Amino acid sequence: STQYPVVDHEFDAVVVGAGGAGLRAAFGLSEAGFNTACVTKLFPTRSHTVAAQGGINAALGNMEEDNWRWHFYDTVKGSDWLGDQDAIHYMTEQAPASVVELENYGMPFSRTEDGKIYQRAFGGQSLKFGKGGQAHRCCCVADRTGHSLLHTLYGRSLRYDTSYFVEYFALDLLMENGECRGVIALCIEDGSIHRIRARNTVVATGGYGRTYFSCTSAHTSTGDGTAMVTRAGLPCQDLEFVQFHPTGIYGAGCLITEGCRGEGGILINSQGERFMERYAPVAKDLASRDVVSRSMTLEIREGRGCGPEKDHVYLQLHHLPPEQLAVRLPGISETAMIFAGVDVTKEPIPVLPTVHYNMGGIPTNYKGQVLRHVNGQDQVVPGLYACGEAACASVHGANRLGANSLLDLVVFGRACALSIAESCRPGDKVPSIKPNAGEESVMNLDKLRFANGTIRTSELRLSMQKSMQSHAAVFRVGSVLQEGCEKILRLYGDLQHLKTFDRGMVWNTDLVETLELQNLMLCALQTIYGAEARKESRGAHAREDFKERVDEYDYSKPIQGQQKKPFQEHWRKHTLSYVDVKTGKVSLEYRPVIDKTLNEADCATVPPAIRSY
């Protein structure tokens, strides 16, 4: 310690992460007149949202007549009723205004003949509450909507006085008596340490797909934000619900937008059957991500692969007009060729269900405020917000509806900024800080910095990824799960026998990738444990032991003469997980899901029904 001089910055608000969520939170806070700081370990534009291709949902009604309420219905249903309906209400009602805001910022959306934002079909989205047919509200910029969303937001941010700490690694939250005072970070450029303190902190650090071996996410999706919340002793919610995306190249795991399917493409097994029509007649190839992959993943078992080891499947686009794949899916044509070596206009792309999205994250309010659980009740953590994939306002519940994440990003990014602007004023008293705040973080830094152990950071990470890949994939059971828990708790033990080689102060990717490992571990522990304990099948979480949807009632048959099971007797509740940073001991609890919306009169609650597409 004190071998690392510390620099103290003071702001009104701090945002950790410059992806869609973070960026929107940051410039939205400045636009409101707050002296905002934005910490990111990557150049804002390198953020993962750039890889997003599909689009952003919004009932604009450009293609046909629409109603945001139908978007609401579709989303709560797609969540398998683990989604908090109040947040889903807020998100879908704000979507139109949020998307028009993006277009007014300059986002180069693809146009219709009327000169309006072009929208398209996507996974399980209907009209008139699941009755009116396939909906078309997936707004998009050709096939590079994420890239364009991030760039326009970034560009728009240049217009304000936000101080952007570029390539800074956030180590931990500056907590004091259950209140957030800011963050402490490592400036990757010179290895120095900075304590950026503020009245409000917003965590938008993205997901943690890298906890696995095969995922569509970037090497940077290491759950660093989740880990901070965990290190503070705060709960994380529903970390078990991990979304497996159907189409992911057998190779590096790169993604091929689901927009391919929405645009016309299909999925084909070895025998040539359009199986996604057998497992789900109506929705077919275009159903929930959790079901559609659960399908394929299965077909591989029966023994119906489409390549050498019959380990994957085959995505088809061939029958679509070569021009349409040029105006609607130009981005996939490129990587399909570069990583697969295929001409989509005349050949199907090789895809396989791989980890993709994380519905779980930091427990949130529909206003972005982080929640902790006290005496079985929600409590707002003063001066702490979270948004994006790292957050769990849980508008996605047990399963994210395609094209709803970019929306989530923009909506709650805005909500955080608004809740801060509505609850305080720039210039207000910025909380004190003990002269030793962050000492633990720096020490842990100094430790790994000179780690002379026996295991290489890469070796350990590889052990954790393949373990998660084998024990917590698309299908699970107590046996496979428990071996995984102890298997992963075993690796957590090894974090003390790790060896690092680089020891300089400048760009120690050796040191940071290790710090990231510590983070990925905290996420895996909570994912696998929360997964073993959840004895039911909802959304992405499918147990072989319990292929049942254990709710408070049995919503298949009627409800009235029937009796309500005690809260601790059913599984229609969010998983809350904690962990002793020092031992890796996972303890967990639960809290109800919110079923009431913001206004019964404007958007009615949708009771649990049977899950099917």
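In this text, residue numbers run from 1 along the sequence as written.
Mean C-alpha B-factor is higher over 283 to 291 than over the other stretch, the pair under comparison being 283 to 291 and 408 to 416.
Stretch comparison (273 to 281 versus 101 to 109) by mean CA B-factor in the PDB entry places 273 to 281 on top. Ranking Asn508, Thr500, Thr205, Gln85 by the C-alpha B-factor listed in the PDB entry places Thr500 at the top. Within the selection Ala232, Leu384, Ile455, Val512, the deposited Cα B-factor values reach their highest point at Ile455.
Placement of the Cα temperature factor of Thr45 within the chain: lowest third of the modelled residues, per the deposited record. Among all modelled residues in this chain, the alpha-carbon of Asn67 has a temperature factor (C-alpha) in the lowest third.
For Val550, the recorded CA temperature factor ranks within the middle third of the chain's modelled residues. Per-chain ranking of the deposited C-alpha B factor places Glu299 in the highest third. Ranked by Cα temperature factor within the chain, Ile559 sits in the highest third according to the deposited record.
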